[PDB]
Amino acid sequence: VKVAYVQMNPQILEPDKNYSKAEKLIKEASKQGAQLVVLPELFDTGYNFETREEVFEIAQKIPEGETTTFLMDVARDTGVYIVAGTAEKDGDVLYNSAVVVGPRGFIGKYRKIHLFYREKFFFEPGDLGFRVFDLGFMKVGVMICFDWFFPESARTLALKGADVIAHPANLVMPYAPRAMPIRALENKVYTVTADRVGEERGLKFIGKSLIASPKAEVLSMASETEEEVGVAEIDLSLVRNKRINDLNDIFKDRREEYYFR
């Protein structure tokens, strides 16, 4: 299976420009043969808000709203599955969400469980848990940005059968590119971290999107500042067999009753 990140620079409060940009890069990933394409956190709205009001004003409902319907059209035209971060309006609340769409339409969503820094002023903590979406040819788990920091996020998706963890991100610390290969290794999964780039109202993002293997190899990694697509071929047998050798199966070896007490 081929998987891809889109590393782009969202223009804050300019969703139509960001849709244009996303469509261009998703089409490039599709031409490269990607079947799953992951976009950054908050690709439609940007990130560095001064007030909750300027993001609430433009944030879209899922799946009725413009970001989801836009991505549905792109998935149908290119025949890929997309996981993309988006500001989700749900009544009077905002969630920091990721939408999953495929060529037949909307598949599901995930709401960021662990908010970072000023996101706590804008968004409600996610309340749908960590979900794994079965696409038939693969099962994709989704976590967003700072969720990487908690090993429990990736672990929960892997226990639920994720072959790949799709990871929209808007990184501001330099740690996640070092950590993602370890998250991939400790769960025996592939990870696709689609980070943004850019400077946005004085805040500089890290870039360095990457795809990591269950052997902690970096299969693709992006620049710090450029918009780009990265694609890697992945071997699903490697991640479905949780044996790391003939005497240790990492999930059968877990002894949950000793954890966190």
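In this text, residue numbers run from 1 along the sequence as written.
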### Message
Mean CA temperature factor from the deposited coordinates, higher in 5 to 13 or in 236 to 244?
### Response
236 to 244
### Message
Quick check: 99 to 107 versus 112 to 120, which has the larger average CA B-factor in the record?
### Response
99 to 107
### Task
In terms of CA temperature factor as recorded, identify the highest of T51, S213, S209, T45.
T51
### Query
Which has the highest CA B-factor per the PDB entry: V93, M143, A162, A176?
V93
### Query
By the record's CA B-factor, is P168 among the lowest, middle or highest third of residues in the chain?
lowest
### Chain third (lowest, middle, highest) by recorded CA B-factor, residue given as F130
middle
### Message
Using the temperature factors of the C-alpha atoms in this entry, rank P40 within its chain: lowest, middle or highest third.
### Response
lowest
## Note on the structure
So, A75's CA B-factor, relative to its chain, sits in which third? The middle
### Relative C-alpha B-factor of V55, binned into the chain's lowest, middle or highest third
highest
